[PDB]
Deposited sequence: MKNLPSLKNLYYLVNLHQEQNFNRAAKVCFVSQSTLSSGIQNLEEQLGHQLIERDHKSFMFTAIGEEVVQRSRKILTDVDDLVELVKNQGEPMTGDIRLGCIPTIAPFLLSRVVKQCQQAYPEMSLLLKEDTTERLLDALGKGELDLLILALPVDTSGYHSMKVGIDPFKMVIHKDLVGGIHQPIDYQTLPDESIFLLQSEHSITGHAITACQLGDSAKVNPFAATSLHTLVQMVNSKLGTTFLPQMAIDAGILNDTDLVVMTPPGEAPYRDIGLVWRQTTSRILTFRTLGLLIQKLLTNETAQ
């Protein structure tokens, strides 16, 4: 029964595009009798889906509200800020130097907006472009068009989201500028061995 059967897995669109294929291919090779029924959605709808019984496991970015659930941290990944290679000004980043609507952020339903704001210490909301984005690939294209800057997760950079771009990587304002990756499941699960195995595989996948 462990590592066998149908498991309905949820993963947020800031994690799934550059982790999920390696998660699924390894489980196909090592556990071919386990069928992962995936779903890509944002955090609140994913936790709700776990509440209704729609899903059994969620791959989330950890600092969210997981009340009534069990949550296991499986890794960290830092934040970076990207600019076209031609406006590199100063490495210790002052947010007040930047022009007015020049920091692109996803719609606030994506947890990466709040995580990047709190972790990289963005205090001036006037610095935030009024783009209501949903894809970080769109923002990478916007920054590559010299239209501003954005925060990128490290796991996006390591999978070549900056390929075919003139973007460069900077270190954001410090004081723990990272994001926790974690696994979420119901407290009444009967598949704790499977979820701990998936967590160990994901943690090892987060190099």
Comparing deposited sequence to modelled residues, the uncovered ranges are 1-90, 176-177, 300-304
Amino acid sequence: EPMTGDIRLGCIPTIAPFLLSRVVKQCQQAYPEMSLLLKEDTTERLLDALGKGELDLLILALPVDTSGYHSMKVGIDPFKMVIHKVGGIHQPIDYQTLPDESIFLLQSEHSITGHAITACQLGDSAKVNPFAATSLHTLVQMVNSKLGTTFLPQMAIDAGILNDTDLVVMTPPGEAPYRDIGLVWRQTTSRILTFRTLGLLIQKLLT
From here on, numbers count along this sequence of modelled residues.
Residue range whose averaged C-alpha B-factor is higher in the record, 32-40 or 171-179: 171-179
State which stretch shows the higher mean Cα B factor in the entry: 158-166 or 53-61. 158-166
Maximum C-alpha temperature factor per the entry, among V24, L9, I12, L193, belongs to which one? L193
Relative to the other modelled residues in the chain, which third contains the C-alpha temperature factor of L139: lowest, middle or highest? lowest
Going by the CA temperature factor in the PDB record, which third of the chain does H90 belong to: lowest, middle or highest? highest
Would you check the entry's CA temperature factor for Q96 and let me know if it's in the chain's lowest, middle or highest third? highest
Give the position of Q107 by CA B-factor within its chain, expressed as the lowest, middle or highest third. lowest
Consider only the C-alpha atoms of the modelled residues in this chain, order them by B-factor as the entry records it, and name the third containing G75: lowest, middle or highest. highest
